[PDB]
Every structure is written in structure tokens, then in C-alpha cells.
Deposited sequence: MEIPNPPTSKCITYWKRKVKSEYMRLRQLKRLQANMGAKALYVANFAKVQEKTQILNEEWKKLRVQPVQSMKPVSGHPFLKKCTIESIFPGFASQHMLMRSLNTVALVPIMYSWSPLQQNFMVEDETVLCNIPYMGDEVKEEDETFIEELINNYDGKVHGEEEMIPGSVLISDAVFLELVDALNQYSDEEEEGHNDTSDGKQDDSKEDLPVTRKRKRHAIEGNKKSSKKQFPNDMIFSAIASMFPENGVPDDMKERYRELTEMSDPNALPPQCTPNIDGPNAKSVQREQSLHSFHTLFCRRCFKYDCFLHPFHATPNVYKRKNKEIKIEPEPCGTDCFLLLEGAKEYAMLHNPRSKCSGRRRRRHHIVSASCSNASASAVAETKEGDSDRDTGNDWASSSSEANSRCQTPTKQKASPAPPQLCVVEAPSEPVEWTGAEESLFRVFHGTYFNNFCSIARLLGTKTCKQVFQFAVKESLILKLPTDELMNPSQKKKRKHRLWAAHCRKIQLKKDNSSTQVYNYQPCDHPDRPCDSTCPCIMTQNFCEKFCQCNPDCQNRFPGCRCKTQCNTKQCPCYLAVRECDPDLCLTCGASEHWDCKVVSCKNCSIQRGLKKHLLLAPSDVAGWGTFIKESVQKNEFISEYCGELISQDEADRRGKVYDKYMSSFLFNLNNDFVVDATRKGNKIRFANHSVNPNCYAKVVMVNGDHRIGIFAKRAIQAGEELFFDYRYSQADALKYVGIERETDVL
């Protein structure tokens, strides 16, 4: 009940430490300022002396007469356009919706009721939330390693790895709440024909028979560390009864010792586009309930459906550059899959200068060298270093990947400040090059542009590509049609050269 004395006790403890700190710090302050003061006494800087349009400085205290001085003009300087800070990106960076508005955007000190209303409705989009408003498996390589199950030893890898990006905790895709992704489809089951083989398990009586039975004996005494045991369960799930190899991978155990441990363990226990998300309905096939069929997307190499699924896009058998409607991938508004398109050369040329399949540009990041300079139309513009021919890929429009709600929340202040970097990708996502992006973000709007945008399905991801509408000469500024409404085009991107 009388918690007051313990709360006041902690206030008292703090107040004493604070005065002790403040005093000790003030001593340091006086010590470092004496050092700076000493360095000052060494230098002899020249005193500033007295000195078109005049200036008059009037005093308010009687006894001081008004002063006049003829104003020295400061030379004209070259001004560069406005630009807020941004970070470079060559691939979209996924971003979670914000709960609390960082701060109220400053926009003047005038008495506008409509402006005060705007601030009220901005806060309401965050739901009144504005800042300031009213257990772990121990390391197997370490000394503290436990004897653990395969599923448990691999848990972090299985959980955090992105099958699509090939990276742990990727910045693009959300976590695959289905475990079939890390379930080996084609099992590698093998047993060595001849012994490895002085300490080979095949020399043990009735051992080869047991090995073929899973997919008696003899005792021969080994001390397994917890780490050795855990590594065994991991390798056993991938190698199976190929003890010749498991022993080789352990290194710290013989083929017979590994086999004897395996036996011991065996006696235990239509205009709109929709986002793509891989399907995983392990019993029912790809039907009206499958997310892929629902969202009008093809099943991909990442889908967990049966390989002989009709919904899966098959790639192409092209012997051309895949840059015409004659290529199925191109026709479907898709970049060639490096694991399906095996005839056109999309699966190779990783170190080559020329690529044989011209339907790879986005996934390979084969963008042209863009130059930044002040625009002839508005703000900063993007200029092409070298001449490009018609329909040649120029650059992907990269940026933060945000939700439609997050886009409207951000867009609210973007449109007030009269500048936006939002670009609709699909019904689920908006690419926002405001905070992170690349040089193609400075492309201005033109009702008669030299570039065009196209959202392409590139390896299970929608990506905005910017291509040449006609042949562009070197040094030209790039423009594309923003496709705003008739009204919005006049409101925000009105200037036409």
C-alpha cells in the first residue's frame, strides 16, 4: 500500500548520483576548455577592420548617432535544385507499415483552418498515434554444444532462409509459414558397393542387409560428443544409410562407429494485377481455392504443387533473343526464367558481356549509365550517357515496397508538398522511391515522352521496367508518362517543354 517510500527511495538514490556525475563532468569540462584556451593563446589572428547600396543602423538608446555603411555585394553563386536525402537501391526493399507518425510535418506558421484540418486528418490515418501525443539452440561449433534433433539443429536455417533470394532474412519476401519448402523432394538414397574400407560398416555381419531395409550386427566402445551426435542426425536425414560418407563428413568417427550409432538411434522413440505468393496445399491440387488460380498468376518453380501441374509456367524453347511476342515469356509480360528457359540462353552467360537472351535485362540489372543533372523541365532530371535504340531496357524503377495504406499515409504529405515518388506495382504493393531508390527516380513527366514503364513478372516478383519508347540520342533527358488522372497531371506535373 505505502509504495511511496520505495519510489521516493529510488528518486533519492538517483538525485545523489546525478550531482556526483554533474560535478565530476564539470571538472572534465574545465580541463578540456583549458587545453582549447591554451591552443588559442598561441595564435595571432588579424583584427577585423572597418570598410553600391547603403545600410543604416539606428540606435534606440540616446547618445548614439545612427551609422551608415555602403554594402559590399556578395558574388552570384551557381544554384543546384532541391533534393531531400535518399539511399541507393538496385532491387526493391520491402517495408512494414508505420504505427506511429514520426512527427508533424512543418508547413508554415499561417492561420489556415484547412491546414489545421489537414493535420487532424493526417494524425487520424495513424489513429491518433503521433510521437509525443497524450529459447535458442547453443552453437554446435562451441564448447556448449548439446545433442539435439536434426529438425532442431537446422531450425534457424530452415526458418530464416529465403528459397527465392538465396539469402537469410531477405529484404524482399515474408516468411514461408509452410515447411514443405525445406522438405527434399528427390531423395538421394545410396549405399556404397565396395568398402571404404578398413573400418567400413559393410564388413560387419548383417550390416548391408539392415542398410537396404531402411532407405544382430556386433558391438566392437566410443564416446560421442553432443555435437557429433547432432551432426549425425543432420547428415542421416540427407545421406541416409550411406555411412561411408557420413563418417567422412564427421571425420571424428569411423564408418563402423557411425553405423553402430545409427542402429542405436533406430531403437529410439481483369486490368488489375495481383501479387504472387507460392501455393502449398499438400493434399488438394491447384483448383479454385489455390491462391495462384485465384489471383490469376502462374504457379512457379517456388510452388509446392506436384511438378506436373498445369498452372505452372513452362518457360520457353526459343532459339532467338526473346524480345518479340514470338517468345511465350515475352508475350506473358515475363522475363525468361533461368531454370526453365534452357534453349534461349537465359540459364547461362553469367560472366559473358553479351547475353544471348534479351528477355533477362531486369533480373540481371543490365541498366544503362544514367547521369544526374538539373532538368530542363522541373527540378533534377535523368540524362542518358550513351545512345539507346527503341525498346531497349534503360533501368528498373526501384524503391521501398509499401502497402496501399502505407502509400496513402505517405502520399498524404507527398501531395501537400507537391512532390511524389510513389509508383503502383500491383493491387498489393506500391514502389516508393522517396527514401531509397536509383537515378531513374528523377525521370520527369511528359505527355509526349521518350520512355515507357512496364510492370513485368520477374522470377516471382513484379518489377517496374523503364524502356526506350523510340531511339534516344546520348545526353538526352528522360521522360515518361506518369499516367496520372487528367486533373492530377495539370496539378502536379504541369510543365511541358
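Positions of the deposited sequence absent from the coordinates, in order: 1 to 20, 72 to 79, 163 to 271, 353 to 424, 430, 480 to 514, 743 to 747.
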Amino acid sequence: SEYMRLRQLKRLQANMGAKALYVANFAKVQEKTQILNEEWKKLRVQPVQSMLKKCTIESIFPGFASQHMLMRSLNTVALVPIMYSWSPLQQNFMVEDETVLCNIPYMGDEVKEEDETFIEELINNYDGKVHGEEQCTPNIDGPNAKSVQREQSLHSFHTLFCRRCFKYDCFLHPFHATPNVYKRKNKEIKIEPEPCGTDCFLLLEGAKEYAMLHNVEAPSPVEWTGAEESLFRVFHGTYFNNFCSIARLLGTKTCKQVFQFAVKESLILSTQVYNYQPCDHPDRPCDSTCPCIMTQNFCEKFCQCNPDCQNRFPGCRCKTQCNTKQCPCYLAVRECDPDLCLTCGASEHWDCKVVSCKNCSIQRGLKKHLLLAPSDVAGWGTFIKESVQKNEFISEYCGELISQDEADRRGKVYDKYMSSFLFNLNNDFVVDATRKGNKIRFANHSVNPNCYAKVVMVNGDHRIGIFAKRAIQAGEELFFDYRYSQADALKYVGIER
From here on, numbers count along this sequence of modelled residues.
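Comparing the deposited coordinates for 112 to 120 and 405 to 413, the stretch with the larger average C-alpha B-factor is 112 to 120. The PDB entry records a higher mean C-alpha B factor for 67 to 75 than for its counterpart among 67 to 75 and 295 to 303. When the Cα B-factors of 149, 186, 220, 356 are read from the PDB record, 220 comes out highest. In the PDB entry, the Cα temperature factor peaks, among 45, 464, 443, 433, at 45. Sort the chain's modelled residues by C-alpha temperature factor and residue 94 lands in the lowest third, per the entry.
The deposited CA B-factor of residue 362 belongs to the lowest third of values across its chain. Remark: residue 374 belongs to the lowest third of its chain, ranked by C-alpha B-factor as recorded. In this PDB entry, the Cα temperature factor of residue 55 sits in the top third of its chain's modelled residues, the highest group. Ranked within its chain, residue 86 lands in the lowest third, by CA B factor from the PDB record.
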